[PDB]
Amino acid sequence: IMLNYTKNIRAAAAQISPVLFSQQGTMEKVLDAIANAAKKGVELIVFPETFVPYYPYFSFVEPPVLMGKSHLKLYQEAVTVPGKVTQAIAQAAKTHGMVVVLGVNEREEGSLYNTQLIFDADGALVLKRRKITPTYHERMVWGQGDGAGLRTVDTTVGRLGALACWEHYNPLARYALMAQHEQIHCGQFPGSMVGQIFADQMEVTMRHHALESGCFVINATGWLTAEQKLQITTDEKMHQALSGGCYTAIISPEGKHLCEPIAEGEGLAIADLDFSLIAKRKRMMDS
């Protein structure tokens, strides 16, 4: 629609663990999440970075010379342009009248991308973008998005913006979304990786986003169980590297947590976002 600050919206950030090595298994958890959330009248939900079929932890942890099996596998479980996954989600969204923000390892023509997808409450896919700069180990896996991906979308629940991980340090993206008055910003990070340091950094990064933009921020991060870490490597010495960095959270325009944030295990962070807060913020400063 056009821009309105009278809404009050129930949003959720989902920390979940995927199913290790099954698009379908992970997809069952996603649909379940949506449904559980619908039970509590959630109208917008954000999942972790590239959650489907699973984030590519292998690229962080295996030497390149041995990444082939893991790479192939991921390709086999990766998600097409539009397809089964898209329709399944479009339907959950339509059914529960929910806006859904989903990250996905997209395949196109033997290439992979980190792709953020946004579905409106009518089940329409109203935004598709690719992370612009895969960072570090991600460069072994994903290609680049365009910068034409920096637009917001009007949605049943307001105007949304989305970025992945350190896309948040890219100043073009920040101003792009701010200039378009994004009302609710959706961040996605991988989850269960590097440690406290990464967690502290996410939080600082995303809460500052809220502050500078003066918008709501919602951030989702995956989770791994000890069993799943083994599935990824038998080297227990690596397992610190696959722990921590979890900040599933919902942040007000003043930087406040609107609910207890999640760093461990698996759950929905849920809160009512009162849009008049966005406007009481802007009015309080002058110039």
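All residue numbers are counted from 1 along the displayed sequence.
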Review point. Out of 117-125 and 144-152, which one has CA B-factors that are higher on average in the deposited record?
Key: 144-152
Check your understanding: So 204-212 or 81-89, which one's hotter by mean CA B-factor in the entry?
Key -> 81-89
Practice item. Could you tell me which one of 244, 63, 48, 56 shows the highest CA temperature factor in the PDB record? Key: 63
Review point. Which one of 14, 20, 263, 271 shows the biggest C-alpha B-factor in the PDB entry?
Key: 20
**Study point:** Relative C-alpha B-factor of residue 98, binned into the chain's lowest, middle or highest third
**Key:** highest
Practice item. Report the third (lowest, middle or highest) to which the CA temperature factor of residue 253 belongs, ranking only the modelled residues of the same chain. Key: middle
Study note, to complete from the structure: Here the Cα B-factor of residue 105, set against its chain, lands in the third termed lowest
Review point. Sorting the chain's CA B-factors, does residue 73 end up in the lowest, middle or highest third?
Key: middle
Review point. Hey, what third does residue 219 fall into on Cα B-factor, ranked over its chain?
Key: lowest
